[PDB]
């Protein structure tokens, strides 16, 4: 009630944090961000949040220097393997397109996520190779494919698309929409993250870069959410 069912987190500021700290290698920032993802998910679970979505890799991110992108993707893969650790008993789902990150990372991520239970008290979505407008397009495509496979005419395809039909074909099919979306780094935008799903979400902003995010920042987010 006063607590979000589903919290979504956009983890901005990793490179800026590394520069501010005087590191020449921005992977120091991503590594600390990775540590904070692990912490944040523990906080959500213990607070009684049912589902958390973390934005690990956007389609924008994939346009980066090959070598920096490679190291980032390795960090992300370690993050997901950590999220999927058996002792957590968290149910994990990928949100996005693993066809974009390389086959070795994709195999590692898929394997980790597939090892987690379907039914659990806490669920984690890891958004990797994700874009919100793209997700909608792919939802519509999936919807139309199913209708065609079940014998729809071209004319019937034209009318088959509905709000509920799109919702049911997103990556987040069958999950509650995010109640609270957290963005860091003073960035006051959505950047298409869970675009369809977050239409009615509460937004909460901090100036802190993601690697600098603290448990008390999480407490403030929940406090503010409850107050609203």
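Residue numbers count along the first chain shown, from 1.
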| property | result |
| --- | --- |
| Stretch exceeding the other in mean C-alpha B-factor - 59-67, 32-40 | 59-67 |
| Residue stretch of maximal mean CA temperature factor, 80-88 vs 132-140 | 80-88 |
| Within-chain third of residue 187 by Cα B-factor, per the entry | highest |
| Record-listed C-alpha B factor of residue 117: chain third | highest |
| Ranked C-alpha temperature factor of residue 152 among modelled chain residues, by third | middle |
| Within-chain third of residue 146 by Cα B-factor, per the entry | highest |
| Chain-relative CA temperature factor third for residue 208 | middle |
